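Counting neighbours? That spans all protein chains shown, and the Cβs are built from the backbone with ideal geometry, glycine included. Quick note: the coordinates plus some simple rules give every number you see, no bench work behind them.
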C-alpha cells in the first residue's frame, strides 16, 4: 500500500533551477514528514535534510543550505526539492523517504525510487564511433565518443556475439560522454569472419555499424 | 556532529557465509540507528530499525545488534541478491549522518588481467582527435593501477577510466583506460605504453606500440 | 489558586520512550489564527466550526473548536471572535480539509489594544532564574493557550525545549499568575511510547482567559 513515487530524470544546464517531486500515497499526509538523500556516482550516501508536513519546519545539512530548498503541496500529497545554481557536482541520484515519527518504527520506513539529475551545457549530440583493431584469442574494440545524453547501447554482430563482450559504463568529461566496448574472439574467426560493432543512440535517433578491419 | 565510522568498506564473501558489518559512533547515539541496503539496481530499502529490530518484509537472515557504542549488521547465510551496498545511519541529533558504506562482493581465485592496447583509428585522426585505448580484462580482485607512458615518460593528464561492476558469470572485474590527445600532440611522440599493476604479480604487464610502424 | 506541582506529580521526559517530535510540532511555527470571524456551523453542541484557511501550507479550510461544555459553545455561537491555538489532525473528527483544536476563542469587539503589550516570561532552571524574554499580544483578554504557545515556541527555537528525539529537560511546567490566583500546565508528555495529541491539547478546552496587563508567566524547568 504505502508508496512514494518520484518524478522522472532531468537534464538541466549550469545555473538553471530544477524541481524534483515525491508523491506519497496510502496514508494521511500530515502524519509523516519527508527527507531527502543524495547519491553521488561511485561515492556514498549523503543526508540533505527533512521537512515536517505538520508545521512545515525544515531541517537542512549545512553543506546543502542556501542552494537546496524543501517545499510542499499537501492537498496533492506531494513533496518538492528545488536546487538553484546548478553545478557539475550536483549530478547525482536523489531519493525521498518517509519520516513517520508517530511510531518509533517509522523513521525512513518507505523509500522513493530516486530521480536522476544530470548537469551539462551540452545539448543532444550523436556519438562518433571508431574501431579498435590490434595466441589463440584476439581482442577487438569499439570506441564511442562525444555524445549526449545517456543512454547509448552497443552490440556485436546484432547480438550474435553475446559472450566475451565487456561494455564499460560511460564517463562525463567536458560536457560529453565517452564509452568503450571489448569483444574477444578466436584468431581463427577474425579477420576471416567479419566483426561489426553496432551502436545505437535513441535521443539522436542514430544507429551506426562499424566493421573492424586490420590496419594499413 | 556525530561521525559514523563504518568498517570494513569492502568485504569479500561466498554463498552461505555468515558475515558482519560493524559501524561505530563517535558520540552516544542510544539505539537511534538504522541499516539500509542499496542494490546495484539503485533501489534503497531499510533493513533494521531502532538498532536491533528487523524491518517488516526483510528476511530472517538479517539481524542487527549493539555493543556499547559499537553497532553491527549480520547476514547469517548469504544469497546472490545480498551482494550489494550497505549503509548505517544515526538520527540521534542533527545533522543525521551516514556511515561510509560497505560493498559486499563475491570471492574467487585471483586472476591476472589481459591487457590489450589500441592506437587511434584513421577515422578519428581525420577529425583532429587522438585517443589511445587500453582494455584490462577479466581480473580479480578489483584493485588495479594503470600507468601511461609516452616516449617512456609517465602521463597523467588526459586519461579517463571506467570499471565494470563484477561479472555475473565468472565474478571477475574489467577496466577501460583511455588517453585523449590532440592530433598534433599525438604526432609529436613515438612510443605509447600501457602499464598494468595488479597484486597477481610484482612486475607490471606492459603493452606498447610505436606510431612509426 | 491551584497549588504547585508536588514531588512525582510532574511527567518525566526520560520515561517517554516515543519520539518527542510528536510534542514539538504542536508548539512550532504553524498554528491556527483568525481575526474577526463568526462561526459558520456546528457539529456537536459543545463545539463550533470556523472557516479559516491555512495561509502557510493549506492543510485545512475549516477548523473545529471544541470546548469543555455547551455553555461555552453558546456564548461564542455566531459572535465575531478571534481564534488562536494549537491544532491536531490524528483522531480529529467532524461530519473540505479539516483540523481540530480546543478553546482559543475571545470576543473581537472591545478586546483590541492599539499597540502590542509585552508580558515578561521568567525562566527557572533547577530553581535558579537564568533568563527572561518577552511575548507580545494585542488583546486585552487573551487565552492562557495563546500565551502558552508563544512561550513554548520561543523556548523550542532558542532553548531546544522539544527536539526530535527527547528533551534536555526532565520536568517542566508553565505557571500563570493573575494578581493572587495561579494555575499551571505540565509541559511534558505522558510516559510510554505513544503521545496522544488530542488528549493533551484538551487541557485548553476550558477557554481560560487572563488579563494581558496583570498576568505573570513563569516556566520551571529541570535538567538531566
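A few points about this structure:
- Taken over the Cα atoms of the stretch A:1-121, the convex hull encloses 105 Å³ per residue.
- Size descriptors for the stretch C:31-108: radius of gyration and Dmax over Cα atoms are 11.2, 33 Å.
- Computed over the alpha-carbon atoms, chain B gives an Rg to Rh ratio of 1.13, Rh here being the Kirkwood radius from the mean inverse distance.
- Inverse mean reciprocal Cα-Cα distance (Kirkwood Rh) of the protein assembly as shown, Å: 29.5
- With semi-axes defined as the square roots of five times the eigenvalues of the C-alpha gyration tensor, the equivalent ellipsoid of the stretch B:1-108 measures 22, 14, 13 Å, largest first.
- Cα convex hull of the stretch C:1-69 - mean projected area over all directions, nm²: 8.1
- Cα centroid separation, the stretch C:4-28 to the stretch A:35-86 (Å): 29
- Pairwise Cα inverse-distance average, inverted: Kirkwood Rh of the stretch B:110-201 (Å): 14.1
- Across all Cα pairs in the stretch B:54-171, the calculated P(r) in 5 Å bins from zero up to the longest distance comes to 2, 7, 12, 14, 13, 11, 11, 9, 8, 6, 4, 3, 1, 0 percent per bin.
- Using a Förster distance of 30 Å, the FRET efficiency for residue A:189-residue B:205 (Cβ separation, nearest 0.05): 0.80
- Cα-based Kirkwood hydrodynamic radius, the stretch C:118-224, one decimal, Å: 14.6
- Only Cα sites of chain C enter the Debye sum here, all with the same form factor; the resulting log10 I(q)/I(0) across q = 0.09 1/Å is -0.36, listed in q order.
- Computed from the Cβ-Cβ distance with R0 of 51 Å, the FRET efficiency linking residue C:79 to residue C:165 stands at 0.75.
- A P(r) calculated from all alpha carbon pairs of chain A, with 5 Å bins opening at zero, reads 1, 6, 13, 14, 12, 10, 9, 8, 8, 6, 5, 3, 2, 1, 0 percent.
- Label zone (residue B:9, point 7 Å along Cα-to-C-beta; backbone nitrogen cut-off 19 Å) within the stretch A:40-59: A:40-47.
- Alpha carbon centroid spacing (whole Å) that separates the stretch B:54-84 from the stretch B:1-32: 11
- Estimated inter-spin distance, residue B:184 and residue B:76, nm [label 7 Å along Cα→Cβ]: 6.9
- Per-residue extension of 0.36 nm, minus the Cα-Cα distance of residue B:165 and residue B:145, leaves a gain of 5.5 nm for this segment.
- Computed from the C-beta positions of residue A:200 and residue A:3, the FRET efficiency with R₀ = 22 Å rounds to 0.10.
- With bins 10 Å wide beginning at 0, the percent of Cα pairs of the stretch A:122-212 falling in each bin runs 17, 50, 24, 8, 1.
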